[PDB]
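Only one chain is shown below, in structure tokens, and it's the form deposited in one PDB entry.
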């Protein structure tokens, strides 16, 4: 038996629970701490089976029916004996799930952020304390699927599934179930998973600057006058924004290189240029992507047209659970990242938050971020190993 705990109750959690419980030999427990969402899920499901509708790209559709063993808000029930603990929620919820699982997580547990995405390991090391060096930590670059719930607790739709997907790993002292293949088995044939060389590679390759950069490209020195309708998102970028993305991507390499120079045995060679990343030139590569057709900026109705809607996950997530975390790493490496910095400073004010001030992580809301320094990881080796330096005597 491969005992799996799925944390969350959103789109991904529905899909994962559905796809995972359908696998032979797997026991799925759903943990959700958001009020009484578990109780709402159970009551909604009843005695029926959970349904996942997959568009095969292209083989029409597929009916996947399965039932988890239990759906609970009690971490004791969901986490005890769990071989794999997978977090599929927006990163702001991650704190609570680590806190709830901590007294119950077994040494051989594989802890997976699906996503994830930045500072996930630092947060895990902090909350789980001494047990963090025992468990394994796995960080996936994004969600496996474009998916949405069609009916709460009962029905979820997969619009499309990724071809390839990468995940990083920090091995603990405990032997877990095999990370890559177990996660593959749970997901079926697609997406085909690959193991990234290093967790910092994954963290930097998340390209946290992208959405803040695109928003800065379209609304940088925005006069405060409306536009006829919602302008194109990715396909609506200018040349200067394509340069801006290149600048920030080079800074990513700079931090990677400096980590590799200062710390041998840590392979960060798969940290890439954003143009070189895919899976003519950068500008045209973004604009002529049929995966970006008809995707528009977040807009709200105002006087004489529509204004940008800055209250969105492009900044509320991607800054504190992305750019700040990369800035925290940059500081420790001794690499100024001016282009990244300028984006942080701008996106900061737009959401009414403050993390970075004069190139230093002293902002009012820096505590709600996952930058290593927030948790006390102030050196590169403390970032890499999770061990804080203690001198005597």
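By rigid core we mean the largest C-alpha set that fits within 1.5 Å across both forms. Numbering follows the first chain given and starts at 1.
Although it is not shown, the form deposited in another entry is what the next lines describe.
Following rigid core alignment, is the displacement of the residue 63 C-alpha between this form and the one not shown equal to or greater than 2 angstroms? After core superposition, the C-alpha of residue 63 moves less than 2 Å between this form and the one not shown.
C-alpha of residue 142: shift of 2 angstroms or more between this form and the one not shown, rigid core aligned? Shift of 2 Å or more: no.
Rigid-core frame, C-alpha of residue 287, shift of 2 angstroms or more between this form and the one not shown: The answer is yes, as the C-alpha of residue 287 shifts between this form and the one not shown by 2 Å or more after core alignment.
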